[PDB]
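Residue numbers (full-length UniProt numbering): 387 to 553.
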């Protein structure tokens, strides 16, 4: 059941990876970069502004007889970030022919999305995020993914790269 090589240790900045199998990597406290790897694994950066690196070199999809879905733990959108430049397009739709689809569990605590999936017998890419604080991501919570500048001034009272107001 709970077996393999869990790596609990990252108190000084570096890069930590699970690789593959059953490897629960947990840094602990930092501004470190972590990667859950292939297989069916779980990751938690720790209490910090961690960088959840994902590059789907090892990750692909889950199937009916083999789930290799990544499971992100104790996510804090106020600090945690994610390297999703090559994973997850910018044009939503349904996760089909170059589209993306997101969904939330009953309480919204868990955000489940699919970056380019197929048929239920072919292969379906699906990830599992287990939130604790804010279960929402934005332009800061994710890598810039070679985006443009933000020399914008389209706010009333405050400033920021996201138009909005409170009335």
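Where is the CB? At the ideal position from N, CA and C, for every residue including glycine.
Helix, strand or coil, according to DSSP, for residue i in the structure here?
| i | result |
| --- | --- |
| residue 498 | strand |
| residue 443 | coil |
| residue 418 | coil |
| residue 552 | coil |
| residue 454 | coil |
Apply the 10 Å Cβ neighbour rule to residue i and answer buried if 16 or more other Cβ atoms are within range, or exposed otherwise.
| i | result |
| --- | --- |
| residue 453 | exposed |
| residue 517 | buried |
| residue 495 | exposed |
| residue 419 | buried |
| residue 443 | exposed |
| residue 501 | buried |
| residue 541 | exposed |
Hey, how far is the Cα of residue i from the Cα of residue j?
| i | j | result |
| --- | --- | --- |
| residue 435 | residue 395 | 16 Å |
| residue 550 | residue 514 | 29 Å |
| residue 519 | residue 403 | 24 Å |
| residue 499 | residue 474 | 9 Å |
| residue 482 | residue 511 | 11 Å |
| residue 437 | residue 397 | 14 Å |
| residue 392 | residue 476 | 34 Å |
| residue 509 | residue 448 | 6 Å |
| residue 429 | residue 538 | 36 Å |
| residue 414 | residue 441 | 22 Å |
| residue 408 | residue 535 | 40 Å |
Between which two residues does the beta strand (DSSP E) carrying residue i extend?
| i | result |
| --- | --- |
| residue 401 | 401-403 |
| residue 430 | 428-432 |
| residue 490 | 486-490 |
| residue 472 | Here residue 472 belongs to no beta strand (DSSP E), and DSSP marks it neither H nor E. |
| residue 457 | 457-461 |
Alpha carbons only, please: which of the options is nearest the one belonging to residue i?
| i | options | result |
| --- | --- | --- |
| residue 524 | 511, 547, 539 and 507 | 547 |
| residue 599 | 553, 467 and 503 | Shown here, the chain extends from 387 to 553; a query on residue 599 therefore has no answer. |
| residue 493 | 469, 471, 521 and 398 | 521 |
Between residue i and the ligand SAH, is the CB less than 6 Å from at least one heavy atom?
| i | result |
| --- | --- |
| residue 473 | As far as ligands go, the structure on display features none, and thus does not contain the ligand SAH. |
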